[PDB]
Structure formats: C-alpha cells, structure tokens
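In: What follows is a protein structure lacking sequence information:
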Ligand SMILES: *[C@@H](O)[C@@H]1CCC(=O)NCCCn2cc(nn2)C[C@H](NC(=O)OCc2ccccc2)C(=O)N[C@@H](CC(C)C)C(=O)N1
C-alpha cells in the first residue's frame, strides 16, 4: 500500500507526470517535458537525459518535506511493482506490474532504455507517461517512469536510468 507522502511525489508535469525522488531530484519521461521548471530558470538545473528517462537535479530544495529514496536502474526481473498513476481528475490508480526484462526498444521511432511488464480490468492511457514504477524493499524504491504500452494494454514499458 502506497502512503500519501509517496503519492505526493507524483506531480503533474508537461504533457504527463513526474516523480520527486528526493527534495532536489525530479524524474520523468523525456517526451512529456515541454519546450522554466517549477519557477527555476533552465540554467539552475542539472539535466541528464537518455533513452526517454529524464532526471532533473535542482539547486534549491524544491520538496523539503520528502525523504530521499533509492533510484535503481530498473528492478530485478519477475519483480512486481506498482505504477502510481494520477489522473487529471485527481483519482489515484495504483497498477501492479510483473516486470519482464530490460532492453533497448524503438517505440514510435524513439529509443527507449526500458523494462517491460505485464499488468495484473485497468490500463494506462496517454497522459499517464512519467508516472513512477515503485516497489518497497524498509524502503520504497523507484525503478522507472511510464513510457509506453501496447495498442492493447497487456504490456507496458517504463524507461529506466543507466
Ligand atoms: C505516454 O505518453 C504514452 C503512454 C500511453 C499508454 O500507456 N497507453 C495508451 C494506449 C494507446 N496506445 C498508444 C500506443 N499504443 N497504445 C503507441 C505506442 N505503443 C507501441 O508502439 O507499441 C508498444 C511497443 C512495445 C515494445 C516494442 C514495440 C512497441 C506508445 O506507447 N508510444 C508512447 C510514446 C513513444 C515512446 C514516443 C506513448 O504513447 N506513451
């Protein structure tokens, strides 16, 4: 069960969402970033982007209220994560996912350093991109941000860091 403080890391961002990993670190899917971030000129931030995974490091502490959590490069295969989806209506929609393997993918012409998974009635929509994939290890670990799903809904992909 994900607690409110965890949910509160999920933040409306561009055409999708992002996740406050720590008071200074925000992660999201590259193709939702618009073309200032939370009232910071672009020169303020350490932006690292690769494979549809964007990470922002801010200068000032943007979410002092959070404890920093562990950002892993994906998760061990087979693992079950929760996808912490917020809808524009405010509904919280935690989706459980059995994580397949990490792999380079080409999805609608973009290179995704991603990890696939199977759902476990509900599925992802456009607008859900950037929502975090998480599991608890006395910790909560974030291993990905939502990037794609198949025309169906069975399989979803999250972009992972390198
Ligand atoms: C967030 O910006 C979206 C997430 C949309 C989602 O999760 N479900 C929407 C269901 C409708 N739908 C759109 C597509 N598929 N279904 C387009 C595309 N999917 C696809 O090409 O097949 C999946 C796949 C997986 C592995 C290998 C080949 C193909 C898709 O999801 N595109 C992304 C954007 C890309 C990554 C630039 C997308 O729409 N994300």
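Out: Received the coordinates, thanks. Numbers count the residues shown, from 1 in each chain.
In: Would you mind listing the residues in contact with the closest residue to residue 156 other than its chain neighbours?
Out: Nearest non-adjacent residue to residue 156, counting by CB to CB, 6 or more residues apart in numbering: residue 149, 4.4 Å away. For the C-beta atoms, the positions are set from N, CA and C on the backbone; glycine is no exception. Contact analysis of residue 149 by CB atoms under 8 Å, 6 or more residues apart in numbering lists 123-124, 155-157.
In: Closest to residue 111 out of those?
Out: Closest approach between those and residue 111, by CB to CB: residue 157, at 12.0 Å.
In: picking that back up, and the gap between the residue nearest to residue 156 and residue 42?
Out: For residue 149, the distance to residue 42 (CB to CB, to the nearest Å) stands at 31 Å.
In: ditto for residue 15
Out: For residue 15 relative to residue 42 (CB to CB), the value is 18 Å.
In: With neighbour numbers in mind, choose between these two.
Out: In this view residue 15 and residue 42 are compared by other CB atoms under 10 Å, and residue 15 has more residues nearby, 14 against 8.
In: Could you check how far residue 156 is from residue 99?
Out: 10 Å.
In: Compare neighbour counts for these two and give me the winner.
Out: residue 156 (26 against 23).
In: wait, the more buried one sits on residue 120?
Out: No: here residue 156 lies out of contact with residue 120, judged by CB atoms under 8 Å, at a distance of 11.1 Å.
In: Residues that sit against both of those two, list them.
Out: residue 97.
In: still on that earlier bit, could you report the separation of the residue nearest to residue 156 from residue 20?
Out: Taken as CB to CB, the span from residue 149 to residue 20 is 24 Å.
In: Which residues of this structure lie near the ligand?
Out: 16, 31, 105, 107-108, 110, 112, 124-126, 128-129, 147-151, 156-157 (CB under 6 Å from any ligand atom).
In: Make a ChimeraX selection of the buried ones in the residues you listed.
Out: Typed into ChimeraX, the line below selects the buried ones among the residues of the chain next to the ligand, using 16 or more other CB atoms under 10 Å:
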select :16,31,105,107,112,124,128,129,147,148,149,156,157
